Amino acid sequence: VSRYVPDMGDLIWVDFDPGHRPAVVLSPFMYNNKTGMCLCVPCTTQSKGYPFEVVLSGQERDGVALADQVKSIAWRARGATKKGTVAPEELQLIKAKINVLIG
């Protein structure tokens, strides 16, 4: 059976009943694959210029990652789908902003 396992930097659609939230994956494949969990930050088209926002370019829709809302999600149980990947520079900005809070 072929199944998607997320990589660091992947932009995924996380499901929930109904129904999905876009998110950027922060943890590596090995951890994600072994545990069925992954750390990520949610995305939203509702940009407000909040300082923890990181603009994501060249995606289907214009949007931003909310770096301060780091979340451990059960991607395997919920059933995630890959939508794309963020640029290395965008992932560095997300990680640099998270570092201010829990580094």
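Throughout, we count residues from 1 along the sequence that is shown.
Participant: Deposited residues absent from the coordinates between residue 88 and residue 89, none, 1 to 3, 4 to 9, or 10 or more?
Facilitator: Gap size class: none, per the record.
Participant: When the C-alpha temperature factors are averaged for each of 60-68 and 30-38, which stretch ends up with the higher value in the entry?
Facilitator: Higher of the two, by average CA B-factor, is 60-68.
Participant: When the modelled residues of the chain are sorted by Cα temperature factor, does residue 84 land in the lowest, middle or highest third?
Facilitator: Within its chain, residue 84 is a middle-third residue by C-alpha B-factor, going by the deposited values.
Participant: Ranking the modelled residues of this chain by C-alpha B-factor as given in the entry, is residue 94 in the lowest, middle or highest third?
Facilitator: Answer is lowest: the recorded C-alpha B-factor places it there.
Participant: Looking at the C-alpha B-factor of residue 25, is it in the lowest, middle or highest third of its chain?
Facilitator: Its C-alpha B-factor, which the entry lists for residue 25, ranks in the lowest third among residues of this chain.
Participant: Splitting the chain's C-alpha B-factors into thirds, which one does residue 1 fall into?
Facilitator: Within its chain, residue 1 is a highest-third residue by C-alpha B-factor, going by the deposited values.
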